[PDB]
Every structure is written in C-alpha cells, then in structure tokens.
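Right, one structure below, let's go through it.
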Number of protein chains: 2
Amino acid sequence: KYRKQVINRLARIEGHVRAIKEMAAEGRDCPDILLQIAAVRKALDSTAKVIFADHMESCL
Amino acid sequence: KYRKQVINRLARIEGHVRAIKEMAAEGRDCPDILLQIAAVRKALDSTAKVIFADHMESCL
C-alpha cells in the first residue's frame, strides 16, 4: 500500500528524533537542537506531501 | 541543562513517529496517517517554543 520509501523516511525521522532527544539529554547547545527540530518538521511535511500525492484519492 | 519534561516530550514524539511508521507499514488509511503527522509537527513546534523560552539567551 505505501511505498517502501515512505516507510523508510518515517524510520529515518524516527532515528532523527531519537538523536534530538539524546542531544537534549546531553546538554547540547540550544541552536543545534532547534535546528534539528526544524529539520524534522520539514522532513515530516515532505513525507505528508509524498503520501498525499501517492494516495490523493483516499487522502481527500 | 534541559528540563526533564523537554527530554520526555522528545521521547514521546519519538514513540509517536515509530507508531506512524508502523501505521504506514500496516497500510492504515491515509487520513489517519496524515492526521498523526500533523500532530507530531505541532508537538515538535511546541517543544521548540518551550526550549526557546527556557534557554532564550543561548537560543538567540
């Protein structure tokens, strides 16, 4: 049903949030952290667009 | 350095993306999936705001 690339992107975004969590836990500098949050929001936005394109009929 | 609540939110958002990944892998309906993506984007946005408030001096 969903292309493997969709599932994989979601898996990557998962590891990315995990890392951001670990950045916070290690006391990394805030701008580093907020940079990565914004990158994840963008990746999620692209992923939703891809899914919407692939499954438009059922997404509407 | 970061409040435990920040770290924990990031941990929750992590499990949430994991679930979304599993929704995709199981062929869940697209609107369900896109609903959860949007919820994660919002959680991430709130988390960045919290961090920015707590560490404004070093985030600027």
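No lab work stands behind these numbers, since they all come straight from the coordinates. Backbone-built Cβ (ideal geometry, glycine too); neighbour counts: all protein chains shown.
From B:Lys1, B:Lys42, grab the single residue that is part of a loop (DSSP other than H, G, I, E, B) and surrounded by fewer than 15 Cβ atoms within 10 Å (Cβ to Cβ). Don't jump to the end; show me each part of the working.
Values: B:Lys42 fails: part of a loop (DSSP other than H, G, I, E, B).
One residue alone meets the criteria, B:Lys1.
Summed over segment B:9-18, residues that are under 16 Å from B:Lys42 (Cα atoms) and surrounded by fewer than 18 Cβ atoms within 10 Å (Cβ to Cβ) total 3. Selection of segment B:1-37 for residues being farther than 17 Å from A:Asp54 by Cβ and either within 7 Å of chain A (Cβ to nearest Cβ) or among the aliphatic types (A, V, I, L, M) (or both) yields B:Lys1, B:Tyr2, B:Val6, B:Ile7, B:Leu10, B:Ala11, B:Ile13, B:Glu14, B:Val17, B:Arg18, B:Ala19. Of all residues in segment A:46-58, at least one satisfies being farther than 19 Å from B:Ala53 by Cβ and of a type in the set (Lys, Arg).
For segment A:14-54, how many residues meet the condition of being touching a residue at least 40 places away in the same chain (Cβ under 8 Å) and in contact with a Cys (Cβ under 7 Å, 6 or more places away or on another chain)? Total satisfying the criteria: 1.
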